[PDB]
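A lone chain, given as structure tokens: the form solved without the DNA.
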């Protein structure tokens, strides 16, 4: 153990949200050094008293004030010169949150903004490569697991769910087949509530229950 070097261990969060048709990431225009004024993911460092997963949770809560967040580890990024300051190996995670539900004041302190995932600014270091990989993993996984519902409020319309999925895959779906495919899922249940987008339009709301899903975990959408 002792003849080997030690490394600063970074945490970087790719924070996904969904709103009005598009998938956005929560990014920081850095107040601080290095690369001041440039865009980046939310970052921190693993501490001696916490696991790497717990560091991810802390860093995310620091920005958002959110806990019990769906998170996935993306990977350990460890090119020698990835960060020009000192050597840092960073573990990237992605997170899927409800965009109506984070802590606005914390976001303001970090000087963070939501940006459309298809219209991102240049990001520092190897952050573009972290985003690319997290996207692929998320697309891969959201086609066989119900992880997408973390991006939606507890109650959602089918129009929104469809729109979510079109945004995830950058491709429009057949409305007919989609609606059917959802009706065949018992754990996506139709409620007797409606979304009132303005005085003159409504739409039926659904909810996902993970009890019904976990008793029969079949998902493909």
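Shifts are known only where both forms have a C-alpha. Residue numbers count along the first chain shown, from 1. By rigid core we mean the largest C-alpha set that fits within 1.5 Å across both forms.
The same protein also exists as the form deposited with the DNA bound; that form is not shown, yet it is the one meant from here on.
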Exercise for review: Have a look at 58, 154, 175, 29 for me and say which one sits with a heavy atom within 4.5 Å of the DNA in the deposited bound form.
Suggested key: 175
Check your understanding: Looking at 65-73, 176-184, 43-51, 29-37, which lies within 4.5 angstroms of the DNA in the deposited bound form, counting heavy atoms?
Key -> 176-184
Check your understanding: Looking at the partner-bound form in the deposited bound form, is residue 200 within 4.5 Å of the DNA by any heavy atom?
Key -> yes
Check your understanding: With a 4.5 Å heavy atom cut-off, would you call residue 9 a contact of the DNA in the deposited bound form?
Key -> no
Check your understanding: Hey, in the deposited bound form, does residue 204 get a heavy atom within 4.5 angstroms of the DNA?
Key -> yes
Practice item. Output the sequence-ordered list of residues from 1-38 with at least one heavy atom within 4.5 Å of the DNA in the deposited bound form. Key: none
Review point. Is it true that residue 201 shifts between the shown form and the other one by 2 Å or more at the Cα, once the core is aligned?
Key: yes
Check your understanding: Relative to the form shown here, do the C-alpha atoms of residue 154 and residue 198 sit closer together or farther apart in the deposited bound form, given a change of 3 Å or more?
Key -> closer
Review point. Knowing the Cα distance between residue 198 and residue 180 changes 3 Å or more in the deposited bound form, does it shrink or grow relative to here?
Key: closer
Practice item. Pull up the moving segments between the shown form and the other one: at least three consecutive residues, every CA shifted by 2 Å or more, rigid core held fixed. Key: 198-202
